[PDB]
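One structure is given here, and the rest of the page talks about it.
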Amino acid sequence: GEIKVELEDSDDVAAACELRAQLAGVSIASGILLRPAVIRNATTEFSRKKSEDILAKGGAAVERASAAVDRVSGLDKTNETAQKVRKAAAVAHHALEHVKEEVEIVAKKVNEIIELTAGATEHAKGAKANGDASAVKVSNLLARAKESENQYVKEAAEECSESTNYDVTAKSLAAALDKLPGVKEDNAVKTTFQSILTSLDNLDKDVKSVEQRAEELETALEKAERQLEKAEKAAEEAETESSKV
C-alpha cells in the first residue's frame, strides 16, 4: 500500500526529497559497510591453513625430539649429554602445548568471523531490500505532490530531483525520518523504516566485531609462531646432542 499522509507544505516536500535520496542510498551504504568483512572472511582459509601448518611442524619436531630421548634411554641420569637431550625434549613438548592452545584460538576466531560475516551479509541484504522498497513509496508520495492543489507543495515537488545520497548512515537516515514524523509513522512504511535502521546498526556492529576477531586471530598466530620457534630450537638441541652420544 501507499503512504497516506499528504505533504502539507514546502518544508515537508524538501524533507521528503532528502528522505528519498537517503533511502535510495541505503543499498550502496550497506555494501560499503559489508565490504571489509567480505575481504577479511576471504583471508580466513589462508590463516586457518597457516595455523594448521604450524601445528604439523610442531608435531613433527616433538616427535623427532622424543626419538632423540629414546636413543639415549640407555644412558643413566647423570650423563651430562643425555641430560641436555631429555631437558630439551621436555621443552619442545611443553612449547607444543602452547602451540596447540594458540592454534585453537586461531580456529575459534576463524569460526567467529565466518558466523559474523554470514550474519552481516543478511543484514546488508535486508537493509537494501527495505531501503529500495521504501524509496519507491516515498518517490510515489513525491510524484503525487506534483499534482497538489497547494501551489507551494506542487512547486516544491517540481523542484525535487530524483537523486541518490552516497553518504547515508543510520544516523543520517534517522535524522531525515525525524523531520517527517507523519511519514515516519505511516503504516505503509513505519516498520520498513525501523528495520533499515536496525539492519544497518547490526551490520555496522558485525563488521566492527569481524575486524576485532581478525586482530585477535593475528595475535594468536604470532604467539603460535613464537612457541613453534621454541619447540623447533629445543628439538634441534635434542637431536644435535643425541648425535654426540
Taking only pairs six or more apart or across chains, which ones have beta-carbon atoms under 7 Å, a first residue in segment 173-192 that is more than 15 Å from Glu6 (Cβ to Cβ) and touching a residue at least 40 places away in the same chain (Cβ under 8 Å), and a second residue that is surrounded by 13 or more Cβ atoms within 10 Å (Cβ to Cβ) and not hydrophobic (A, V, I, L, M, F, W, C)? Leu173/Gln22; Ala176/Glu18; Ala176/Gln22; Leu177/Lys184; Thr192/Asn130; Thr192/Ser134
Answer residue from segment 197-226, given it is under 12 Å from the mean Cα position of the chain (by Cα) and without any contact (Cβ under 8 Å) to a residue 24 or more places away in the chain and is farthest from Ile105 (Cα to Cα) among those: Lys205
So, of the residues in segment 139-196 that are outside any loop (DSSP other than H, G, I, E, B) and among the β-branched types (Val, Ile, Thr), which turns out to be nearest to the chain's Cα centre (by Cα)? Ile196
Could you please give the count of residues in segment 17-65 that are over 25 Å from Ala133 (Cα atoms), free of Cβ contacts under 8 Å to residues at least 24 places away in the same chain and not β-branched (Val, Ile, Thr)? 8
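Quick check: is even one residue across segment 92-104 under 22 Å from the mean Cα position of the chain (by Cα) and surrounded by 17 or more Cβ atoms within 10 Å (Cβ to Cβ)? Working first, answer last.
Kept after step one, since they are under 22 Å from the mean Cα position of the chain (by Cα), are these residues of segment 92-104: 102-104.
When the remaining residues are screened for being surrounded by 17 or more Cβ atoms within 10 Å (Cβ to Cβ), the result is 102-103.
Scanning segment 92-104 turns up at least one residue that is under 22 Å from the mean Cα position of the chain (by Cα) and surrounded by 17 or more Cβ atoms within 10 Å (Cβ to Cβ).
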So which residues in segment 68-80 are surrounded by 14 or more Cβ atoms within 10 Å (Cβ to Cβ) and part of a helix (DSSP H, G or I), if there are any at all? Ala68, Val69, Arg71
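Among the candidates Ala56, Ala65, which residue alone is surrounded by fewer than 17 Cβ atoms within 10 Å (Cβ to Cβ), in a helix (DSSP H, G or I) and either over 40 Å from the mean Cα position of the chain (by Cα) or not β-branched (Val, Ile, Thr) (or both)? Break it down into steps so the answer makes sense when it comes.
Working: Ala65 fails: surrounded by fewer than 17 Cβ atoms within 10 Å (Cβ to Cβ).
Criteria check complete, one pass: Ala56.
We place every Cβ from the backbone using ideal geometry, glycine too, and count neighbours over all the protein chains shown. Where a number appears in this text, it was derived from the coordinates with a stated rule and is not lab data.
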